[PDB]
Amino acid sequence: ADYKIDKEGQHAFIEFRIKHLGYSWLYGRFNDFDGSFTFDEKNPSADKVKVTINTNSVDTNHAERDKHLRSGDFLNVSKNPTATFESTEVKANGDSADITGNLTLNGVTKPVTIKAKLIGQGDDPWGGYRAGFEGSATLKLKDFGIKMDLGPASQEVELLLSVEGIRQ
């Protein structure tokens, strides 16, 4: 069974944090992404996911910071308007799954493993069928060519992902 991520209902989130000066966590998100996934409980090998993210939609609730994040110093939105994650392997791992795939971010393509778990599923109030998932992953800024050094404690960004899918 194939699912479309609920973008219209905005039951889908890409949330991140990174330390500011190693003093506190700075929280942000991307407001504009789309994708789909195959969730097959009978044949879990068939499982796949693809997400496309418009990186100009970066949002840390600070206009000037977000403008700086859009620039060539950071996400370089003008050169690369989109980020893509497309799974290459979904492996069962205890009471969750490991979703390995290619992340292309800032023109660079490198593998990322998302630790993923089913949150809930079932028929919705409006007739449809839904399945929702949580994911976690981290990345090093330098691995995707993000030039500017933010200090020694700010090399990694932590990702918390939520997707609610509507079965097609």
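Start at 1 with the first residue shown and count on from there.
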In the PDB record, does 79-87 or 93-101 carry the higher mean Cα temperature factor? 93-101
In the PDB record, does 40-48 or 53-61 carry the higher mean Cα temperature factor? 40-48
Hey, out of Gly128, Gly28, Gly135, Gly107, whose CA B-factor is highest in the deposited coordinates? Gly128
Highest-ranked of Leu21, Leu160, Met148, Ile18 once sorted by CA temperature factor in the record: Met148
C-alpha B factor of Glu164, ranked within the chain: lowest, middle or highest third? lowest
